[PDB]
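Reading through the structure tokens given below for one structure.
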Amino acid sequence: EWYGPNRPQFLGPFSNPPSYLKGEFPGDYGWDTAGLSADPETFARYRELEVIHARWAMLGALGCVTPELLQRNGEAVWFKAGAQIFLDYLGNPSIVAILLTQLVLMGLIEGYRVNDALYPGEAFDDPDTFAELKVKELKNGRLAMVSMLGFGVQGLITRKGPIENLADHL
Amino acid sequence: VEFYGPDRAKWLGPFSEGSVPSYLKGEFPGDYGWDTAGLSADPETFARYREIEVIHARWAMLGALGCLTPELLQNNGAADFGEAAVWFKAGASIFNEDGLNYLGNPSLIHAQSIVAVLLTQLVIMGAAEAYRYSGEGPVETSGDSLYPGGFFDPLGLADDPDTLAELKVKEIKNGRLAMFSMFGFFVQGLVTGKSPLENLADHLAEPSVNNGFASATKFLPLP
Amino acid sequence: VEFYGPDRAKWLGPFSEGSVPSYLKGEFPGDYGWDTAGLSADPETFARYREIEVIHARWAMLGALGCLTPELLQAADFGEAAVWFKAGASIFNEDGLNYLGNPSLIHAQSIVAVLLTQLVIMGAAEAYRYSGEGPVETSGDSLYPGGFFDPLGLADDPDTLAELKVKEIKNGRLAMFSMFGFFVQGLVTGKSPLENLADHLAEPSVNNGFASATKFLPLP
Amino acid sequence: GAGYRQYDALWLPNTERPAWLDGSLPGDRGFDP
Amino acid sequence: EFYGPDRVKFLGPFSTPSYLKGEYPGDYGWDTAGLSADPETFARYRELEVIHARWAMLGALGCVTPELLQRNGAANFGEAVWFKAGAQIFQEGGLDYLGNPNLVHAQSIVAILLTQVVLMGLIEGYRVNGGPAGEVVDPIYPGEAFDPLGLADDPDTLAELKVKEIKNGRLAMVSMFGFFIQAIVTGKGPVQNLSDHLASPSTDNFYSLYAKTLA
Ligand code: CHL
Ligand SMILES: CC1=C[C@H](O)CC(C)(C)[C@H]1/C=C/C(C)=C/C=C/C(C)=C/C=C/C=C(C)/C=C/C=C(C)/C=C/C1=C(C)C[C@H](O)CC1(C)C
Ligand SMILES: CC1=C[C@H](O)CC(C)(C)[C@H]1/C=C/C(C)=C/C=C/C(C)=C/C=C/C=C(C)/C=C/C=C(C)/C=C/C1=C(C)C[C@H](O)CC1(C)C
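Protein chains in written order, with our numbering: chain A, 1 to 170; chain B, 171 to 393; chain C, 394 to 613; chain D, 614 to 646; chain E, 647 to 861.
Quick look at the structure:
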């Protein structure tokens, strides 16, 4: 029910989708008010960027959530993480070396990725449930982007861990 | 001074012949040929940006009077707001002991909770903006998503075609001026942290002393 | 770019075409069209000069390498023998020629024996080079013998061989220039080239060649 | 024919000589604004 | 290389949009977000890139030169540091070029601003329309009166020089961004940072004294 004219839009009953958002790609909720994806190539690049951002935001949200929650259950804050290296894993016993190693490994893997690119499958893994999982991935990714934006803005303005702010709400 | 066609006024005067893009033919109001970054090559993008620009123009045109008029009212002794006559501290009166009241009179509004007003605004926009996106509703419009007319024109000034075109041009120009002035208000509040009328009075006192370059070393990095 | 034919790179850039001699047709490696004195207008003298230039360039790269390497290895200890021109009298010292610091490798004490052995061996070598034929099988070219002196087969493709010839004449010319610089620096400042480079890098504004300019002034 | 550009030279890179200055006088650069 | 279909890409051997056909200078095939999928927008972006490259080259040279002169004892400027050089107009005697009181002796910022606005607007209008220095044919490569030495005469040399210009301008833009963020972080001069890092590379760097204080 997420594909075709019966798809759920971002405004609900108000059905005014753009011409180029003809409910074909996953999550086509018909939201383009600035017309930033009129060109099909621009749409393809934007889709790839959105998916990659979704996966990275998922990983970042999980990696920011885990430390402080583990601390409460037995610096822990998400943004004060790289300051410890001036770093034993889980408290269990040179920046240049790690920098070059991470850079070279990341360059290698991303060059391999560049050379379906968006959905390779195979070594990293009914088409109906496959499309359902694609839509679910896209929604979880959008939620992750919103959560990461909120987390960053709170770190800037409150200088405290996000879960600490949640506990102080509660 | 034509504002339409191939012999209109451009954005660089005499030096504007070899800068007008081929897709800006001066058909729509407010056209001056200013497109150097090529952001509206696609016609759909051009239409979307036109809509965004006119809505922004209207909103800023209202916001200019919104940020100004309380200060003029308080300056003439016709009311009393305390410190809310400025634009960037009007939202702090809702947290006051007395609260926020229209015109400073306790019998007008006397609101002291921010959740209720925020919720009412949320519903109001969620209805009205969505109706604008829909393009049709319970009111009578002339079948135009940007200039509905009819119900939205109680006095019916926009009836003649040439008069309508002139009114559109005047609207878009006053909106551009209003957006420029609102950008100025924002930066001037960010930098000097004072009332815009206070800034005008200070400049009019000593034009050569109290100007923009006076607060130049304000944002200087320190070791 | 190009190093052969009428469209090769030359010695004066855009101004080269006005000073290119007729006899310099770019048929040899390292041909840049630089002959303003006409010293090679005779074909035989041109061949002799090419032979002399190539031999001198080879000896120049060898000399530059042998002047640079021992100072870096000092991994060893020599003291006053680190400098290329100060290592000549290290034989006269009553310690032997301690190769790499070990006083057991060659232990050179007398200069007459080494001098005579060098004379005889290099007389034999250079006489065979002048003859060009003997116990060693070569390709027949005096300038580029090959065969035995090419035990890796890098010179098998004629175009690759020409490119290597150009490359190596250029490297030899650079080494020639650097060796002349080494000589002049040794006469002028009396310091090792590495020390000169270190002093230049310390403060290049005042530790340049013009600082030691009045030292040669003839006083009355 | 190298090391420069081949390229009447007036007082401006793109300007026209006035009608009353025909370029016959010695220092005529077409300069009379 | 640098042209046609076999030129060097932006990822070396690990590397392409269909509209990047290896015709224009400085094309390494790096367009991932697809902002240049329109030929007109591509032309506009190329023109802005070239203008920005030239301006950034000029800015990098003008940010390096006065402090280098001052620190070597060659001149005594009012404010050698590039981001502090704009406050010389508020000093006692005003702005003096190279420190000489008889060179410029600028005193008023209003006059400076008015003259700069007028001259820049006039020359900008000449650039986009054509004026005393020539008539516009190529919007970014006029030549003629702007190439007196005739270095861009041969088309092959012209293409090579275009590639060199665009690459040196890209490097200048990157270094200018570095200057800005260093000034906004360290608060000292660029060559001062270079000299400090050269004095003790192991201990003097961004991480050792600024990474922890950023957050
Ligand atoms: C013949 C001369 C003439 C010139 C030179 C211009 C030039 C310009 N007009 Mg045009 N016009 C001219 C004639 C005419 N104009 C118009 C009608 C209009 C309109 C209606 C509009 C313009 C606008 C503009 C601007 C377009 C480019 C830009 O945004 O800013 C150019 C500026 C730069 C690229 C850089 C800024 C320079 C500045 C001096 C910086 C100085 C820096 C600070 C002192 C310190 C900075 C600190 C650091 C931290 C940042 C530009 C100022 C548009 C505009 O942008 O308005 C705001 C506008 O909307 N013009 C008419 C009526 C037909 C003209 C009559 O001949
Ligand atoms: C749709 C549309 C349409 C129309 O047409 C127009 C418009 C409207 C404009 C549009 C919109 C848009 C939007 C809104 C967007 C957004 C975005 C985001 C937010 C993102 C994020 C995003 C985000 C992200 C990625 C994030 C990421 C993160 C990460 C990695 C992290 C990491 C980490 C970790 C692990 C942990 C530690 O401790 C730290 C670190 C190291 C740091
Ligand atoms: C043309 C072109 C061309 C090329 O091609 C490219 C380029 C260059 C990019 C382009 C340009 C552009 C531009 C310039 C733009 C601008 C904009 C703006 C400024 C806006 C504003 C805008 C603005 C706006 C809306 C504003 C608004 C406002 C408002 C609402 C207000 C409100 C209020 C009030 C009443 C009062 C209170 O107490 C407060 C408040 C609550 C706050």
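From the three backbone atoms N, C-alpha and C, an ideal C-beta is built for every residue, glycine too.
Distance, Cα to Cα, residue 548 of chain C vs residue 435 of chain C? 30 Å
Given a threshold of 16 other Cβ atoms within 10 Å of its Cβ, counted over all protein chains shown, does residue 215 of chain B qualify as buried or as exposed? buried
What are the residues in the segment 402-427 of chain C lying within 7 Å of chain D by C-beta distance? 407, 408
Is the shortest distance between the beta-carbon of residue 318 of chain B and the beta-carbons of chain E less than 8 Å? no
Residues of chain B with a CB under 8 Å from the CB of residue 690 of chain E: which are they? 206, 207, 208
Examine chain B for any beta-carbon lying closer than 8 Å to the beta-carbon of residue 170 of chain A, and answer yes or no. no
Would you check whether ligand 2 has a heavy atom nearer than 7 Å to the C-beta of residue 227 of chain B? no
Check: residue 99 of chain A C-beta below 7 Å from any heavy atom of ligand 2: no
Establish whether the CB of residue 834 of chain E and some CB of chain B are separated by less than 8 Å. yes
Rounded straight-line distance, which links the Cα of residue 106 of chain A to that of residue 657 of chain E: 13 Å
With respect to the alpha helix (DSSP H) encompassing residue 20 of chain A, which residues constitute its N-terminal and C-terminal limits? Unbroken run through residue 20 of chain A: none, as it is neither H nor E.
Assigned secondary structure, residue 681 of chain E (DSSP; H/G/I helix, E/B strand, else coil): coil
So, at 7 Å on beta carbons, what are the nonlocal neighbours of residue 875 of chain E in its own chain, with the 5 sequence-adjacent residues on each side left out? The question about residue 875 of chain E has no answer, for chain E in this structure spans 647 to 861.
Separation of residue 524 of chain C from residue 530 of chain C, as counted between CA atoms: 13 Å
Assuming residue 332 of chain B is part of the alpha helix (DSSP H), what are its boundary residues? 331-361
Which partner residues of residue 780 of chain E appear in the DSSP bridge assignment? E:777
Under the three-state reduction of DSSP, which class applies to residue 270 of chain B: helix, strand or coil? strand
Rounded Cβ spacing between residue 661 of chain E and residue 675 of chain E (contact assumed at less than 8 Å): 6 Å
Local conformation of residue 752 of chain E per DSSP, three classes: strand
Output the distance between the C-alpha atoms of residue 174 of chain B and residue 762 of chain E, rounded to the nearest integer angstrom. 33 Å
Pick out whichever of B:178, B:231, B:324 has its Cα sitting closest to the Cα of residue 355 of chain B. B:231
Spell out the partners DSSP gives residue 281 of chain B in its beta bridges. B:270
Cβ contact (3+ pairs, closer than 8 Å) linking the segment 401-415 of chain C and the segment 545-561 of chain C: no
Using C-beta distances below 6 Å, list every residue in its chain close to residue 425 of chain C, excluding the 5 sequence neighbours before and after it, in chain order. 403, 404
Could you check if residue 155 of chain A belongs to the surroundings of ligand 2, using beta carbon to heavy atom distance under 7 Å? no
Mind reading off the beta-carbon distance from residue 682 of chain E to residue 691 of chain E? Whole number of angstroms is fine, and I expect it under 8 Å. 6 Å
Where does residue 240 of chain B land, buried or exposed, given buried means 16+ other C-beta within 10 angstroms? buried
CA-to-CA distance, residue 613 of chain C to residue 736 of chain E, given in whole angstroms: 59 Å
Would you call residue 73 of chain A buried or exposed, if buried means 16 or more other Cβ atoms sit within 10 Å of its Cβ? exposed
I'd like to know if residue 386 of chain B contacts chain E, where contact means its C-beta is closer than 8 Å to some C-beta of that chain. yes
Own chain, CB closer than 8 Å to residue 837 of chain E, minus 5 neighbours either side, in chain order: 710, 713, 714, 717
Say yes only if the C-beta of residue 51 of chain A is nearer than 7 Å to one or more non-hydrogen atoms of ligand 2, and no if none qualify. no
I want to verify the contact list: residues of chain B whose CB lies under 9 Å from the CB of residue 33 of chain A, in sequence order. 218, 221, 222, 303
Just grab the DSSP bridge partners of residue 741 of chain E for me. E:752
Pick out whichever of C:461, C:408, C:416 has its Cα sitting closest to the Cα of residue 568 of chain C. C:461
From residue 751 of chain E to residue 390 of chain B, what does the alpha carbon distance come to, in whole angstroms? 25 Å
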